[PDB]
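# Examining the three-dimensional arrangement
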Amino acid sequence: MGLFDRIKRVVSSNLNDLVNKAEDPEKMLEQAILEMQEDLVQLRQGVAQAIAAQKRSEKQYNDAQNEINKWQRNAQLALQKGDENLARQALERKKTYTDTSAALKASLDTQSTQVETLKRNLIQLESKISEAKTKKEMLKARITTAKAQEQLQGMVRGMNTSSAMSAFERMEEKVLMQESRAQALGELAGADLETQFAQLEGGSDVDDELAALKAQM
Amino acid sequence: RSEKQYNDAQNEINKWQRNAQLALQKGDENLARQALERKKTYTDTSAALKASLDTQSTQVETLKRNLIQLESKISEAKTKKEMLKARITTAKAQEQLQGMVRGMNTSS
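What counts as what
Residues numbered from 1 in each chain as written, not as in the entry; some residues may be left out. Chains lettered and ligands numbered in written order. Part of a larger assembly, values for the part shown. Heavy atoms only, no water. UniProt positions renumbered as here; feature names shortened; annotations may be inferred. Helix = DSSP H or I, 4+ residues; strand = E, 2+ residues; numbered from the N terminus. Rg over C-alpha atoms; globule rule 2.2 N^0.38 Å. Areas by Shrake-Rupley, 256 points an atom, 1.4 Å probe, with all protein chains shown as cover. Buried < 20%, exposed > 50% of the residue type's maximum accessible area, 1.4 Å probe, protein only. Contact = heavy atoms within 4.5 Å. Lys, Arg positive; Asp, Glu negative; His and termini not counted. Charge placed at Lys NZ, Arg CZ, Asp CG, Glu CD. Expected span 1.5 Å × (residues − 1). Buried area = accessible area lost by both parts, 1.4 Å probe. Polar contact = N/O pair within 3.5 Å; in protein donor to acceptor, adjacent residues only side chain to side chain. Nonpolar A, V, L, I, M, F, W, Y, C, P; charged D, E, K, R; others polar. Salt bridge = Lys/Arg side-chain N within 4 Å of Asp/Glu carboxyl O. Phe/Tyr/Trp six-rings, centres within 6.5 Å; stacked < 30°, edge-to-face > 60°. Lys NZ or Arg CZ within 6 Å of the ring centre and 35° of its normal.

- Its PDB record attributes the structure to cryo-EM, giving the resolution as 3.78 Å.

- The name the PDB entry assigns to chain B is Membrane-associated protein Vipp1, from the organism Nostoc punctiforme.

- The PDB entry lists chain A under the name Membrane-associated protein Vipp1, from Nostoc punctiforme.
- The record held by UniProt for chain A lists under Subcellular location the comment "Cell inner membrane".
- Turning to chain A, the UniProt record has this under Sequence similarities: "Belongs to the PspA/Vipp/IM30 family."

Here you go:
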């Protein structure tokens, strides 16, 4: 495979390092979210449509019950004034439409059963996406703090990766060098062994003076 | 704001359980049961949001402590800076007032 698949992998590595390198966490986070809530619209629409279909089937069942009520009332009307034969035919249409209504209600049962599972699933997913959004807000706050920390770090004396503390500490060395260089003039000149002579000869003098003052009490 | 929405959800579930008891008195059993199904749903949602709220607080705590640390650090940096500016003031003086021993006359 080598002669081609390694060409593929290396050119792909160049391109995918370019892509990942051209990626700012903050802006591209900001664009991470807008996309997520795109198939959420179609979900709404589909739930709505299943609802409407299940509702219209129920509506037609209700209308059929109303119409069979009307037709049994017409049957009793015929039973009073109308003929026995026409009344019997009207009691045959009534039973036919009534069995039809019963069958449609039998179907209606499973209709409701399914719309129920369609409504519960929608609730679940709404919850999930809501929690996703809140966690997203927290972890955008995280990167805000990360900006701050990484851009305000390198402040210990043990390191000066920062260009602000770099100047700071090179200047620390600047001032200490200045002080020591100036102080060199002392020991360079010939009066450094005289001052330490005086200090050595007077170290006990101060305590001697304090003792003499105390004894003068 | 996440805490605010959790609090609002608790207030709204309180309102909805009160509406549920209102239905239980005058309202239908079926509507009341549906209102006790929405109540439990929103209540489990509130519980989940509080579970999240716990880690929310945990993180804001570490975010607040870090800020305190860094504020302290920069303050101490400034005070040390003041002292070491005083140092250079004294260095001006000494280097410009030096070369005074009889052994040397680098001074003009």
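After that view of the structure, there is still more to cover.
### Describing the overall build of chain B
- For chain B, the count of helices and strands is two helices and zero strands.
- Its C-alpha atoms give chain B a radius of gyration of 35 Å, clearly above 13 Å, the size a compact globule of 108 residues would have.
- C-alpha atoms of chain B, sized along the principal axes, occupy 115 × 20 × 15 Å.
- Approximately 8700 Å² of chain B is accessible, and the part contributed by carbon and sulfur atoms is 51%.

### Topic: the overall build of chain A
- For chain A, the count of helices and strands is six helices and zero strands.
- Counting helices and strands in the order they occur from the N terminus, chain A gives α-α-α-α-α-α.
- In terms of overall dimensions, chain A is more spread out than a globule: its C-alpha atoms have a radius of gyration of 48 Å, far above the 17 Å expected for 217 residues.
- In terms of overall dimensions, chain A has a C-alpha envelope of 150 × 80 × 25 Å along the principal axes.
- Taken over 217 residues, chain A has a buried fraction of 13%.
- Taking the contacts inside chain A whose residues are at least 6 apart along the sequence as the reference set, 69% of them involve residues at least 24 apart.
- When the accessible surface of chain A is totalled, it reaches about 18000 Å², and 55% of it is carbon and sulfur.
- Taking the average location of the 31 positive side-chain charges in chain A and that of its 34 negative ones, the two points are 20 Å from each other.

### Remarks on helix α3 (residues 39-80) of chain A
All names here are of chain A.
- For α3, built from 42 residues, the straight-helix expectation of 62 Å at 1.5 Å per residue is met to within 8% by its first-to-last C-alpha distance of 62 Å.
- Within α3, burial applies to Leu-40, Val-47, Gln-54, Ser-57, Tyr-61, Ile-68, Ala-75 and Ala-78.
- Of the surrounding secondary structure, the elements contacted by the buried residues of α3 are α4 (84-152).

### Observations regarding the interface of chain A and chain B
- Opposite the 23 residues of chain A that make contact, chain B presents 23 residues.
- Interface area for chain A against chain B, summed over the two sides, is near 2200 Å², with a carbon-plus-sulfur share of 65%.
- The interface formed by chain A and chain B contains three residue pairs in polar contact.
- Elements with a minimum of two residues in the side of chain A that touches chain B: α4 and α5 (163-188) of chain A.
- Here the side of chain A that touches chain B takes eleven residues from α5 of chain A, the largest share from any one element.
- Residue composition of the side of chain A that touches chain B, grouped by class: eleven nonpolar, four polar and eight charged.

### Focus: the side chain of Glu-169 of chain A
- By secondary structure assignment, the location of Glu-169 of chain A is in helix α5.
- Note on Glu-169 of chain A: relative accessible area 14%, which makes it buried.
- Setting aside its immediate chain neighbours within four residues, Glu-169 of chain A contacts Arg-157 and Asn-160 of chain A together with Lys-80 of chain B.

### Here's the deal with the pattern of salt bridges
- For the coordinates displayed, the defined rule picks out four salt bridges over all chains.
- Measuring nitrogen to oxygen at the nearest pair gives 3.1 Å for the salt bridge that ties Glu-172 of chain A to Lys-80 of chain B. Of the two residues, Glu-172 of chain A is situated in helix α5 and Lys-80 of chain B in helix α2 (residues 29-97); the pairing between them involves two chains.
- Among the residues examined, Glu-172 of chain A registers a relative accessible area of 13% and is labelled buried.
- Across the pair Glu-61 of chain B and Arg-65 of chain B runs a salt bridge whose closest N-O atoms are separated by 3.9 Å. Placement of both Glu-61 of chain B and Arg-65 of chain B in helix α2 is noted, with a separation of four residues, approximately one turn of the helix.
- Residue classification places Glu-61 of chain B among the partly exposed positions, given a relative accessible area of 38%.
- Of the residues examined, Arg-65 of chain B reaches a relative accessible area of 55% and is grouped as exposed.

### Focus on the packing of aromatic side chains
- Summed over all chains, the structure comprises zero aromatic pairs over all chains.
- Cation over ring: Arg-93 of chain A sits above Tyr-97 of chain A, and NZ or CZ is 5.3 Å from the ring centre.
- We note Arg-38 of chain B situated over the ring of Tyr-42 of chain B; from NZ or CZ to the ring centre the distance is 5.3 Å.

### What about the environment of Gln-178 of chain A?
- As for its position among the elements, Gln-178 of chain A is in helix α5.
- In this structure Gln-178 of chain A comes out as partly exposed when scored by relative accessible area, which is 25%.
- Once residues within four sequence positions are removed from consideration, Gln-178 of chain A is found in contact with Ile-88, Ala-91 and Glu-95 of chain B.

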